[PDB]
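Structure data (mmCIF, C-alpha atoms) from entry_15.cif:
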```cif
data_model
loop_
_atom_site.label_atom_id
_atom_site.label_comp_id
_atom_site.auth_asym_id
_atom_site.auth_seq_id
_atom_site.Cartn_x
_atom_site.Cartn_y
_atom_site.Cartn_z
CA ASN A 205 -15.81 -33.82 10.90
CA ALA A 206 -13.94 -35.39 7.94
CA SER A 207 -10.23 -35.36 8.95
CA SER A 208 -8.87 -38.53 10.60
CA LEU A 209 -6.40 -36.49 12.70
CA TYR A 210 -9.23 -34.60 14.46
CA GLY A 211 -10.36 -37.75 16.31
CA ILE A 212 -12.78 -40.65 16.29
CA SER A 213 -15.62 -38.25 15.49
CA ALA A 214 -14.48 -38.84 11.89
CA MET A 215 -16.02 -42.34 12.14
CA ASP A 216 -19.44 -41.10 13.34
CA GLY A 217 -21.46 -42.17 10.32
CA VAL A 218 -19.65 -45.48 9.71
CA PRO A 219 -21.99 -48.43 10.45
CA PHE A 220 -20.80 -51.40 12.50
CA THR A 221 -22.35 -54.80 13.05
CA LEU A 222 -21.87 -57.64 15.51
CA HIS A 223 -20.72 -61.21 14.94
CA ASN B 16 -29.53 -52.56 -2.83
CA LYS B 17 -26.49 -50.23 -2.67
CA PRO B 18 -23.67 -51.34 -4.99
CA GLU B 19 -20.85 -48.85 -4.43
CA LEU B 20 -20.36 -50.02 -0.82
CA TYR B 21 -18.96 -53.41 -1.85
CA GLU B 22 -15.98 -52.38 -4.01
CA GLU B 23 -12.92 -50.59 -2.69
CA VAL B 24 -12.08 -47.15 -4.10
CA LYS B 25 -8.79 -46.40 -5.85
CA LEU B 26 -6.88 -43.12 -5.82
CA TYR B 27 -6.13 -43.04 -9.54
CA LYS B 28 -7.52 -44.61 -12.71
CA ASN B 29 -4.89 -43.79 -15.35
CA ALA B 30 -1.31 -42.72 -15.96
CA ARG B 31 -1.99 -39.00 -15.75
CA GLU B 32 -3.89 -39.26 -12.45
CA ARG B 33 -1.10 -41.36 -10.91
CA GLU B 34 1.48 -38.81 -12.10
CA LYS B 35 -0.56 -36.02 -10.49
CA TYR B 36 -0.89 -37.78 -7.12
CA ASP B 37 2.80 -38.75 -7.18
CA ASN B 38 3.68 -35.07 -7.48
CA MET B 39 1.07 -33.93 -4.93
CA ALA B 40 2.36 -36.54 -2.45
CA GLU B 41 5.85 -35.08 -2.80
CA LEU B 42 4.66 -31.51 -2.30
CA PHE B 43 2.72 -32.54 0.79
CA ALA B 44 5.73 -34.44 2.14
CA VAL B 45 8.12 -31.52 1.50
CA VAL B 46 5.91 -29.05 3.34
CA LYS B 47 5.38 -31.32 6.36
CA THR B 48 9.14 -32.00 6.49
CA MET B 49 9.81 -28.26 6.44
CA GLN B 50 7.27 -27.88 9.24
CA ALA B 51 8.97 -30.54 11.38
CA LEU B 52 12.33 -28.83 10.79
CA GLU B 53 11.00 -25.45 11.94
CA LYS B 54 9.54 -27.11 15.05
CA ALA B 55 12.85 -28.81 15.84
CA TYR B 56 14.67 -25.48 15.57
CA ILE B 57 12.18 -23.88 17.98
CA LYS B 58 12.88 -26.72 20.41
CA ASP B 59 16.61 -26.00 20.05
CA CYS B 60 17.61 -29.57 19.12
CA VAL B 61 19.50 -28.68 15.90
CA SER B 62 22.53 -26.45 15.34
CA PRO B 63 21.98 -23.24 13.36
CA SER B 64 24.42 -24.66 10.81
CA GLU B 65 22.75 -28.06 10.41
CA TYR B 66 19.37 -26.28 10.37
CA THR B 67 20.26 -23.70 7.71
CA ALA B 68 21.74 -26.17 5.22
CA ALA B 69 18.76 -28.53 5.61
CA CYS B 70 16.21 -25.72 5.31
CA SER B 71 17.86 -24.16 2.23
CA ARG B 72 17.71 -27.52 0.46
CA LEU B 73 14.07 -28.10 1.48
CA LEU B 74 13.16 -24.66 0.10
CA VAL B 75 14.81 -25.52 -3.21
CA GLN B 76 13.04 -28.89 -3.25
CA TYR B 77 9.86 -27.09 -2.24
CA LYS B 78 9.94 -24.61 -5.11
CA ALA B 79 10.37 -27.40 -7.67
CA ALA B 80 7.70 -29.59 -6.04
CA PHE B 81 5.09 -26.81 -6.17
CA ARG B 82 5.94 -25.84 -9.75
CA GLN B 83 5.24 -29.44 -10.70
CA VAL B 84 1.83 -29.38 -8.96
CA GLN B 85 0.71 -25.83 -9.95
CA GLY B 86 -1.84 -25.82 -12.78
CA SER B 87 -5.54 -25.41 -13.52
CA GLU B 88 -6.93 -26.89 -10.29
CA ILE B 89 -4.14 -25.90 -7.80
CA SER B 90 -2.92 -22.31 -8.20
CA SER B 91 -1.26 -21.62 -4.85
CA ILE B 92 0.17 -23.40 -1.87
CA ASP B 93 -2.60 -22.09 0.40
CA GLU B 94 -5.14 -23.67 -1.94
CA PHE B 95 -3.26 -26.98 -1.90
CA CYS B 96 -2.85 -26.87 1.90
CA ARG B 97 -6.57 -26.24 2.28
CA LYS B 98 -7.63 -28.96 -0.15
CA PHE B 99 -5.65 -31.52 1.85
CA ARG B 100 -6.03 -29.97 5.33
CA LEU B 101 -2.31 -29.45 5.81
CA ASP B 102 -1.85 -26.78 8.51
CA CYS B 103 1.87 -25.91 8.63
CA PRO B 104 2.20 -22.23 9.54
CA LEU B 105 5.98 -22.44 10.10
CA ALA B 106 6.59 -24.06 6.72
CA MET B 107 4.30 -21.40 5.19
CA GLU B 108 6.36 -18.60 6.71
CA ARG B 109 9.66 -20.04 5.49
CA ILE B 110 8.16 -20.30 2.00
CA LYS B 111 6.93 -16.70 2.18
CA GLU B 112 10.39 -15.30 3.02
CA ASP B 113 12.08 -17.97 0.82
CA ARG B 114 14.90 -18.15 3.36
CA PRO B 115 15.74 -20.12 6.51
CA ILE B 116 14.70 -18.54 9.79
CA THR B 117 18.38 -17.75 10.35
CA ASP C 313 -10.17 -63.03 17.46
CA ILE C 314 -11.75 -60.29 19.58
CA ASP C 315 -11.00 -57.87 16.75
CA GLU C 316 -13.55 -59.71 14.62
CA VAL C 317 -16.47 -59.40 17.05
CA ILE C 318 -17.59 -55.90 15.93
CA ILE C 319 -16.83 -54.92 12.34
CA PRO C 320 -17.94 -52.46 9.66
CA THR C 321 -20.90 -53.57 7.56
CA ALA C 322 -19.49 -53.48 3.99
CA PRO C 323 -16.07 -53.51 2.25
CA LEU C 324 -16.00 -49.75 1.73
CA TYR C 325 -16.62 -48.98 5.41
CA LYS C 326 -13.79 -51.43 6.16
CA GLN C 327 -11.51 -49.54 3.80
CA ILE C 328 -12.50 -46.28 5.49
CA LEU C 329 -11.76 -47.74 8.96
CA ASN C 330 -8.37 -48.98 7.77
CA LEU C 331 -7.51 -45.57 6.27
CA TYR C 332 -8.56 -43.78 9.49
CA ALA C 333 -6.35 -46.01 11.62
CA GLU C 334 -3.33 -46.02 9.28
CA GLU C 335 -3.27 -42.23 8.95
CA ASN C 336 -3.45 -41.84 12.74
CA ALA C 337 -0.75 -44.47 13.22
CA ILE C 338 1.56 -42.46 10.94
CA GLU C 339 0.94 -39.25 12.86
CA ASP C 340 1.83 -41.11 16.06
CA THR C 341 5.05 -42.30 14.44
CA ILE C 342 6.02 -38.83 13.19
CA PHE C 343 5.32 -37.30 16.59
CA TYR C 344 7.75 -39.59 18.43
CA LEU C 345 10.46 -39.13 15.78
CA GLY C 346 10.30 -35.44 16.64
CA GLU C 347 10.58 -36.38 20.30
CA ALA C 348 13.52 -38.64 19.51
CA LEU C 349 15.38 -35.81 17.77
CA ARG C 350 14.90 -33.50 20.78
CA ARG C 351 16.28 -36.23 23.05
CA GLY C 352 19.22 -36.69 20.65
CA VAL C 353 18.60 -40.40 19.98
CA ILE C 354 18.44 -39.84 16.22
CA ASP C 355 20.23 -37.17 14.24
CA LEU C 356 18.72 -34.60 11.90
CA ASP C 357 19.26 -36.37 8.60
CA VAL C 358 17.73 -39.74 9.45
CA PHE C 359 14.87 -37.71 11.02
CA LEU C 360 14.06 -35.71 7.88
CA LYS C 361 14.23 -38.79 5.66
CA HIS C 362 11.69 -40.85 7.59
CA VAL C 363 9.36 -37.89 8.16
CA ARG C 364 9.45 -37.28 4.41
CA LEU C 365 8.71 -40.94 3.60
CA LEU C 366 6.00 -41.17 6.28
CA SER C 367 4.34 -37.91 5.18
CA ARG C 368 4.26 -39.10 1.56
CA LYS C 369 2.37 -42.19 2.71
CA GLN C 370 -0.01 -40.11 4.81
CA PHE C 371 -0.93 -37.96 1.81
CA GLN C 372 -1.97 -41.01 -0.19
CA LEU C 373 -4.14 -42.26 2.68
CA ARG C 374 -5.64 -38.76 3.15
CA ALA C 375 -6.44 -38.23 -0.54
CA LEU C 376 -7.88 -41.77 -0.68
CA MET C 377 -9.99 -41.18 2.45
CA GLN C 378 -11.50 -38.14 0.73
CA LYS C 379 -12.52 -40.29 -2.25
CA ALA C 380 -13.83 -43.08 -0.03
CA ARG C 381 -15.87 -40.77 2.21
CA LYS C 382 -17.47 -39.05 -0.79
CA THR C 383 -18.22 -42.40 -2.47
CA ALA C 384 -20.02 -43.49 0.75
CA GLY C 385 -22.09 -40.33 1.21
CA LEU C 386 -20.25 -39.20 4.37
CA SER C 387 -19.35 -35.60 5.18
CA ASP C 388 -16.26 -34.21 3.46
CA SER D 99 -19.84 -68.32 22.35
CA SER D 100 -22.58 -66.83 24.54
CA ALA D 101 -20.72 -63.95 26.17
CA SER D 102 -22.86 -60.97 27.19
CA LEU D 103 -22.33 -57.73 25.25
CA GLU D 104 -20.89 -56.11 28.39
CA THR D 105 -18.52 -59.09 28.72
CA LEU D 106 -17.44 -58.68 25.09
CA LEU D 107 -17.01 -54.96 25.75
CA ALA D 108 -14.81 -55.61 28.79
CA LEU D 109 -12.69 -57.93 26.64
CA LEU D 110 -12.29 -55.38 23.85
CA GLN D 111 -11.48 -52.52 26.23
CA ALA D 112 -8.93 -54.82 27.87
CA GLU D 113 -7.46 -55.63 24.45
CA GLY D 114 -7.28 -51.93 23.64
CA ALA D 115 -5.59 -51.23 26.95
CA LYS D 116 -2.92 -53.86 26.28
CA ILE D 117 -1.92 -52.54 22.87
CA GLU D 118 -1.88 -48.94 24.17
CA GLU D 119 0.51 -49.86 26.97
CA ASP D 120 2.54 -52.04 24.62
CA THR D 121 3.02 -49.17 22.15
CA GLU D 122 3.59 -46.65 24.95
CA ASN D 123 6.28 -48.95 26.40
CA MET D 124 7.87 -49.29 22.96
CA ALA D 125 7.84 -45.50 22.63
CA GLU D 126 9.71 -44.65 25.80
CA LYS D 127 12.15 -47.50 25.20
CA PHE D 128 12.87 -45.83 21.85
CA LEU D 129 13.14 -42.31 23.31
CA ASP D 130 15.59 -43.80 25.87
CA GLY D 131 17.81 -44.92 22.99
CA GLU D 132 17.08 -48.51 24.07
CA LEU D 133 15.40 -49.46 20.76
CA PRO D 134 16.80 -49.11 17.21
CA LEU D 135 14.93 -46.89 14.81
CA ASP D 136 14.11 -48.99 11.77
CA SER D 137 12.87 -51.60 14.20
CA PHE D 138 10.58 -49.00 15.82
CA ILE D 139 9.13 -47.37 12.70
CA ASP D 140 7.66 -50.54 11.21
CA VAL D 141 6.41 -52.26 14.33
CA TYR D 142 5.16 -49.20 16.20
CA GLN D 143 3.28 -48.01 13.13
CA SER D 144 1.76 -51.44 12.67
CA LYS D 145 0.76 -51.60 16.35
CA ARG D 146 -0.60 -48.04 16.46
CA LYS D 147 -2.93 -48.97 13.60
CA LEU D 148 -4.49 -51.81 15.59
CA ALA D 149 -4.74 -49.51 18.63
CA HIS D 150 -6.80 -47.05 16.58
CA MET D 151 -8.93 -49.86 15.12
CA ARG D 152 -9.75 -50.90 18.68
CA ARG D 153 -10.55 -47.36 19.88
CA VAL D 154 -13.20 -47.17 17.14
CA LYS D 155 -14.72 -50.60 17.75
CA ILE D 156 -14.82 -49.82 21.49
CA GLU D 157 -16.75 -46.62 20.84
CA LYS D 158 -19.21 -48.43 18.51
CA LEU D 159 -19.79 -51.30 20.96
CA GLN D 160 -20.18 -48.86 23.86
CA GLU D 161 -22.89 -46.99 21.97
CA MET D 162 -24.56 -50.30 21.11
CA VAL D 163 -24.88 -51.15 24.79
CA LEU D 164 -26.26 -47.58 25.04
CA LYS D 165 -24.05 -46.00 27.71
#
```

Re-express the file's structure as structure tokens.
Amino acid sequence: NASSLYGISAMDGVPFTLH
Amino acid sequence: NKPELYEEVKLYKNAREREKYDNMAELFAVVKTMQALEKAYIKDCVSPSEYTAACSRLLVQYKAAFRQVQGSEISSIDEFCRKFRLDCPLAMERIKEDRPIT
Amino acid sequence: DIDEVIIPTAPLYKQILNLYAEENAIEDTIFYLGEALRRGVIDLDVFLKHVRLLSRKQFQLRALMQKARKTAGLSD
Amino acid sequence: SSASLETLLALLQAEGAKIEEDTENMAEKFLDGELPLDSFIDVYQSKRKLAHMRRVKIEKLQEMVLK
């Protein structure tokens, strides 16, 4: 999924890190 | 290392690209506004008179907006709507008949 | 700031996260303008003006998000 | 400092829940005619953004803890 309006699945490959 | 992850991307790099995106933004906004107008008329929250005058004007603004965008890479409104994932079937039907739903 | 405890890993992912949230926030705004017209709390002309202005902004975010996702190697 | 990841996750979910109810309360106050429009458009937009930021961070932290 690529469209922001189709949900948080759009962020699936976006890496996050803690601090 | 990976370098392109550390600089933010821009939408346009020159005068002609900005011009193009200015015009595409207006097309996109005219279609979505037409779509919201059709939806409001379904929901019966606008008079047939207020609706018709607003929809006539949007169709005139629409036809100019698309003429300004139409060219080598965008040939039709269905191609534009698909490139930018703009699903507005009510707007599309008003454009097809070129007249308000009244 | 609890918002700062879990964050994207590089500036471009941050941009992408900001574009995702802004575009959704605009859709939320447009949706309740439509609901405010049906309730009669705004009239047609102020409705069509703000939807127009908000949809223009959402195009720029959407077109940008396409460029950002492709620059990062994400699906598009 | 040394909060557990599940403690941090409870905090963030609680912070998401506050902004969601805040913006939902703003929204019905505006549909009730109790809130002026050009007030609403700026602040609700700005608050909805942070609500979506938090939905994403919540999902990432939840998958970290491996639900």

Target residues per the PyMOL selection byres ((chain A and resi 217) around 10), formatted as a short mmCIF file (atom, residue, chain, number, x, y, z; two decimals) with C-alpha atoms, in the coordinates of the input:
```cif
data_model
loop_
_atom_site.label_atom_id
_atom_site.label_comp_id
_atom_site.auth_asym_id
_atom_site.auth_seq_id
_atom_site.Cartn_x
_atom_site.Cartn_y
_atom_site.Cartn_z
CA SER A 213 -15.62 -38.25 15.49
CA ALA A 214 -14.48 -38.84 11.89
CA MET A 215 -16.02 -42.34 12.14
CA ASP A 216 -19.44 -41.10 13.34
CA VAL A 218 -19.65 -45.48 9.71
CA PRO A 219 -21.99 -48.43 10.45
CA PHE A 220 -20.80 -51.40 12.50
CA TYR C 325 -16.62 -48.98 5.41
CA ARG C 381 -15.87 -40.77 2.21
CA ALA C 384 -20.02 -43.49 0.75
CA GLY C 385 -22.09 -40.33 1.21
CA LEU C 386 -20.25 -39.20 4.37
CA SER C 387 -19.35 -35.60 5.18
#
```

- [ ] Do a neighbour search on stretch 63-65 of chain B at 8 Å with all atoms listed in the file, toss out local chain neighbours closer than 5 positions, and write the hits as a PyMOL selection string.
- [x] (chain B and resi 56+117) or (chain C and resi 356)

Taking only C-alpha atoms into account, produce a table as JSON lines in which each residue of chain C with an atom at most 7 Å from an atom of chain A appears once, together with its shortest atom pair and the distance in Å to one decimal, ordered by chain and rising number.
```
{"residue": "C:317", "atom": "CA", "partner": "A:223", "partner_atom": "CA", "distance": 5.1}
{"residue": "C:318", "atom": "CA", "partner": "A:222", "partner_atom": "CA", "distance": 4.6}
{"residue": "C:319", "atom": "CA", "partner": "A:220", "partner_atom": "CA", "distance": 5.3}
{"residue": "C:320", "atom": "CA", "partner": "A:220", "partner_atom": "CA", "distance": 4.2}
{"residue": "C:321", "atom": "CA", "partner": "A:220", "partner_atom": "CA", "distance": 5.4}
{"residue": "C:325", "atom": "CA", "partner": "A:218", "partner_atom": "CA", "distance": 6.3}
{"residue": "C:332", "atom": "CA", "partner": "A:208", "partner_atom": "CA", "distance": 5.4}
{"residue": "C:335", "atom": "CA", "partner": "A:208", "partner_atom": "CA", "distance": 6.9}
{"residue": "C:336", "atom": "CA", "partner": "A:209", "partner_atom": "CA", "distance": 6.1}
{"residue": "C:386", "atom": "CA", "partner": "A:217", "partner_atom": "CA", "distance": 6.8}
{"residue": "C:387", "atom": "CA", "partner": "A:206", "partner_atom": "CA", "distance": 6.1}
{"residue": "C:388", "atom": "CA", "partner": "A:206", "partner_atom": "CA", "distance": 5.2}
```

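Nearest residue to residue B:101 among C:377, C:367, C:345, C:382 is C:367, counting only C-alpha atoms.
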
Run the PyMOL selection byres ((chain D) within 8 of (chain A)) on the file and write out the hits as an mmCIF file with C-alpha atoms, in the coordinates of the input.
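The file below, out-v3.cif, is the result:
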```cif
data_model
loop_
_atom_site.group_PDB
_atom_site.id
_atom_site.type_symbol
_atom_site.label_atom_id
_atom_site.label_comp_id
_atom_site.auth_asym_id
_atom_site.auth_seq_id
_atom_site.Cartn_x
_atom_site.Cartn_y
_atom_site.Cartn_z
ATOM 1 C CA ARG D 153 -10.550 -47.360 19.880
ATOM 2 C CA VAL D 154 -13.200 -47.170 17.140
ATOM 3 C CA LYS D 158 -19.210 -48.430 18.510
#
```

Report as a PDB file with C-alpha atoms, in the coordinates of the input all protein, DNA and RNA residues lying within 12 Å of stretch 125-132 of chain D, evaluated on all atoms listed in the file, omitting residues in the same chain fewer than 3 positions from it.
```pdb
ATOM      1  CA  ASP C 340       1.830 -41.110  16.060  1.00  0.00           C
ATOM      2  CA  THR C 341       5.050 -42.300  14.440  1.00  0.00           C
ATOM      3  CA  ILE C 342       6.020 -38.830  13.190  1.00  0.00           C
ATOM      4  CA  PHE C 343       5.320 -37.300  16.590  1.00  0.00           C
ATOM      5  CA  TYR C 344       7.750 -39.590  18.430  1.00  0.00           C
ATOM      6  CA  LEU C 345      10.460 -39.130  15.780  1.00  0.00           C
ATOM      7  CA  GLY C 346      10.300 -35.440  16.640  1.00  0.00           C
ATOM      8  CA  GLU C 347      10.580 -36.380  20.300  1.00  0.00           C
ATOM      9  CA  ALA C 348      13.520 -38.640  19.510  1.00  0.00           C
ATOM     10  CA  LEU C 349      15.380 -35.810  17.770  1.00  0.00           C
ATOM     11  CA  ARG C 350      14.900 -33.500  20.780  1.00  0.00           C
ATOM     12  CA  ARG C 351      16.280 -36.230  23.050  1.00  0.00           C
ATOM     13  CA  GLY C 352      19.220 -36.690  20.650  1.00  0.00           C
ATOM     14  CA  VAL C 353      18.600 -40.400  19.980  1.00  0.00           C
ATOM     15  CA  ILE C 354      18.440 -39.840  16.220  1.00  0.00           C
ATOM     16  CA  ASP C 355      20.230 -37.170  14.240  1.00  0.00           C
TER      17      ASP C 355
ATOM     18  CA  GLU D 118      -1.880 -48.940  24.170  1.00  0.00           C
ATOM     19  CA  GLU D 119       0.510 -49.860  26.970  1.00  0.00           C
ATOM     20  CA  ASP D 120       2.540 -52.040  24.620  1.00  0.00           C
ATOM     21  CA  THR D 121       3.020 -49.170  22.150  1.00  0.00           C
ATOM     22  CA  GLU D 122       3.590 -46.650  24.950  1.00  0.00           C
ATOM     23  CA  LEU D 135      14.930 -46.890  14.810  1.00  0.00           C
ATOM     24  CA  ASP D 136      14.110 -48.990  11.770  1.00  0.00           C
ATOM     25  CA  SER D 137      12.870 -51.600  14.200  1.00  0.00           C
ATOM     26  CA  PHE D 138      10.580 -49.000  15.820  1.00  0.00           C
ATOM     27  CA  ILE D 139       9.130 -47.370  12.700  1.00  0.00           C
ATOM     28  CA  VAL D 141       6.410 -52.260  14.330  1.00  0.00           C
ATOM     29  CA  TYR D 142       5.160 -49.200  16.200  1.00  0.00           C
ATOM     30  CA  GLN D 143       3.280 -48.010  13.130  1.00  0.00           C
ATOM     31  CA  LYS D 145       0.760 -51.600  16.350  1.00  0.00           C
ATOM     32  CA  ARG D 146      -0.600 -48.040  16.460  1.00  0.00           C
TER      33      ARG D 146
END
```

Open item on the list: For this structure, which residues satisfy the selection - the PyMOL selection byres ((chain C) within 7 of (chain B)) - when it is evaluated on the file as given? I want them as a PyMOL selection string.
Closed with: chain C and resi 322-324+327+349-350+360+363-364+367-368+371-372+376+380+384

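When atom CA of residue C:330 is paired with atom CA of residue D:148, their separation reads 9.2 Å.
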
Open item on the list: To one decimal place in Å, what is the distance between atom CA of residue D:159 and atom CA of residue C:375?
Closed with: 28.5 Å

Task: Pick from C:365, C:358, C:328, C:333 nearest to residue C:379, counting all atoms listed in the file - done: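 Checking each of C:365, C:358, C:328, C:333 against residue C:379, counting all atoms listed in the file, the winner is C:328.
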